[PDB]
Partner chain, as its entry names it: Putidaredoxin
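A lone chain, given as structure tokens: the form deposited without the partner chain.
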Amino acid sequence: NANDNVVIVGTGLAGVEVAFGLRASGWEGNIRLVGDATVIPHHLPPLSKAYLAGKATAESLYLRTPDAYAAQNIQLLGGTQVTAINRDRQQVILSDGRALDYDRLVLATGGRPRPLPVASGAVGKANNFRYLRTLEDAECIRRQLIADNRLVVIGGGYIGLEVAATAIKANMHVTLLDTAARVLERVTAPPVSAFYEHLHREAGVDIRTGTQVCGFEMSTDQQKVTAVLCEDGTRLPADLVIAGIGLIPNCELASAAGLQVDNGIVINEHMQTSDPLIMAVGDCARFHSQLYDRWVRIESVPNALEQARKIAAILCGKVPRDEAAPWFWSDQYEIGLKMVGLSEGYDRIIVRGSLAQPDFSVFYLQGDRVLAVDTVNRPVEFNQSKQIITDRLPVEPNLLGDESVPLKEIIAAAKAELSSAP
């Protein structure tokens, strides 16, 4: 609006993508990015992959080159923590006491690592006990990915698995602990969890499921972890401990500002929070999925880009793209893993291919409806799966597992059934 000033809280992929999106959709007003992080906004996925492997330059991580902020006239204010929002005056209050005025406010606060209770005090503070979320976290762990050293990963989520895969490649003695009965218990089917556990075990990782960490042993001098103790009494000697038991959405700001909060900042079809002038986006945002007809909060890059762009369109009086099936990816041992949709509430699963090799797709179904698909080294079936989920195609369930029948044809028939037959 040439006059309307927009303020974005959070310099993560979400906030940065909103900033450049805005200026790309023809926003002439001023754009301010305020983030507590001091570093240059960078990519996160590399931190448990190539960067964690020391095979990518720090420079390749930048979301956008520093010149780009200048060129696009985007003001970046780092190392600054926003402590409050005054919806009334329409201001943002910094930790130094300063205040910024806004006509439009975007909350791209992401989330923070969920603290491991038995790791409070000295444990957490140790140089060899880290969580993985910041550039600093990554480099600190990378400096310690040492051959023959012993690593204990506490947490069996995708990042946990990606870390274990990188540490293994680095020839460390790796042990991964999960309280769940099987890795990725909540988001995949048993046979899928079996694939990962065998993949990693085969690779050398010792996975201990249904295992709980009661505490740690430490050295009095260095104040470093020396071992991980399990509830069952097992002692795991450790040189490095990487904890990851989930993410906590940063909602405090909206919470104290009277905005609706529920395991994330609540937004409507227009990305608006309880307050019309305030929008939320990214890992922090809880929105309604019309595709699944329920409130969700996605923590993924594609989710950030989709939401970010939508916000830019709206604020620029443009029309937002139609909701797209959610998806994300994971890279482990060079295996291309891509997942689309949300598997919650599935009745059965159908495996298209053999689970005895990284080359198959797993369709998650609730009745005859396909909820999600996890593909392993199948980029084309993944793209085709996107279509099915998004457009709710009536693909024939009994043909999904049959590999003699191309997925393209199964889809073609489903679309044909939609046209000529009621």
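If you superpose the two forms and keep the largest set of C-alpha atoms that fall within 1.5 Å, you have the rigid core. Positions refer to the first chain, counted from 1.
There is another form of this protein, the form solved in complex with the partner chain, and it is not shown here; the text below is about that form.
When the partner chain is considered in the deposited bound form, only one residue from 196, 287, 327, 131 comes within 4.5 Å through any heavy atom, namely 327. Checked against the partner chain in the deposited bound form, the candidates 63, 50, 371, 37 yield a single residue with a heavy atom inside 4.5 Å, and that residue is 63. With respect to the partner chain in the deposited bound form, the three residues 32, 87 and 104 uniformly fall beyond 4.5 angstroms at the level of their nearest heavy atom. None of 68-76, 200-208, 120-128, 216-224 except one has non-hydrogen atoms within 4.5 angstroms of the partner chain in the deposited bound form; the exception is 68-76.
Heavy atoms of residue 305 reach within 4.5 Å of the partner chain in the deposited bound form, making it an interface residue. Shown alone here, residue 382 lies within 4.5 Å of the partner chain in the deposited bound form, counting heavy atoms only. At the 4.5 Å threshold, heavy atoms of residue 412 stay clear of the partner chain in the deposited bound form, well away from it. The closest non-hydrogen atom of residue 338 lies within 4.5 Å of the partner chain in the deposited bound form. The rigid-core alignment places the CA of residue 412 2 Å or more apart between this form and the one not shown.
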